Amino acid sequence: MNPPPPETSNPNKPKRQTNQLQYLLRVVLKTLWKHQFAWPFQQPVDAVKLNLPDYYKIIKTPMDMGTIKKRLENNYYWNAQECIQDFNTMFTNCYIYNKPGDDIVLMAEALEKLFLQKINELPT
Ligand SMILES: CC(=O)Nc1cc(Nc2ccccn2)c2cccc(O)c2n1
């Protein structure tokens, strides 16, 4: 079945709220959330509902925009680079599990190119 989702709070992890992390929630995430290809990434992969029983045998660092959202809302991150790593992990997983030109990869590559032009400039 499905593994536990990644943690969205951790009381012994130091937390911070920088200007660039506010921008990742308020601006970067909340617009990517609205893209037409955003739905498969708005929650952890449900390997049971999707009949992908091999997903979590291949992917061992799962990540998804729904986890990132709760992490941003809970001030989980020390800095913006930690949150950007989570985004890249989400995109990289999708390219590892699937193959060039799959419908899901096209969705991810569309989000990823949008993600890059949106983080091109972060606040100060
Ligand atoms: C062969 C295959 O179904 N691959 C998939 C399917 C996903 N979500 C879905 C969900 C519903 C229908 C089809 N697809 C998916 C999601 C996130 C990351 C991934 O790597 C994914 N890979």
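Coordinate-derived values only; no laboratory data. FYI the Cβ positions are ideal-geometry reconstructions off the backbone, even for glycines, and counts take in every protein chain you see.
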Per-residue ³J(HN,Hα) for the range 26-39, Karplus 6.51 cos²θ - 1.76 cosθ + 1.60, θ = phi - 60°, Hz, x for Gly and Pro: 4, 10, 6, 5, 5, 8, 4, 3, 8, 4, 5, 9, 7, 4
Looking at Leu52, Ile119, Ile104, which one has the Cα that reaches farthest to the positive end of the dipole of the chain (charges on Cβ: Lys, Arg +1; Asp, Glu -1)? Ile119
Is it possible to state the helix-based mean residue ellipticity at 222 nm for the chain, with each DSSP H run of 4+ residues giving -39500 (n - 2.57), the sum divided by total residues, to the nearest 500 deg cm²/dmol? What is it? -13000 deg cm²/dmol
For the range 18-122, place one equal point scatterer on every Cα, skip the solvent, and apply the Debye formula. What is log10 of I(q)/I(0) at q = 0.13, 0.15, 0.18, 0.19 Å⁻¹? -0.45, -0.60, -0.86, -0.95
Restricting to DSSP loop positions (anything but H, G, I, E, B) with no more than 12 other Cβ atoms inside 10 Å of their own Cβ, which GluC sites (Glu not before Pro) remain in the range 57-124? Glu121
In the range 43-83, what trypsin sites (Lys or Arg not before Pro) fall in a loop by DSSP, with at most 14 other Cβ atoms inside 10 Å? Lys49, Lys60
Just need the relative contact order of the chain here, percent rounded to a whole number, with Cα pairs under 8 Å and 6+ apart. 36
Chymotrypsin sites (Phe, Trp or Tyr not before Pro) within the range 44-78, DSSP loop, no more than 16 other Cβ atoms inside 10 Å: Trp78
Under unit Cβ charges (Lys, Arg +1; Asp, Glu -1), what dipole magnitude, rounded to 20 debye, does the chain have relative to its Cα centre? 380
Please list, or write none, the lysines whose alpha carbon is within less than 26 Å of the alpha carbon of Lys60, excluding same-chain residues fewer than 8 places away. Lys13, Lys15, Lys49, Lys69, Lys70, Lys99, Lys113
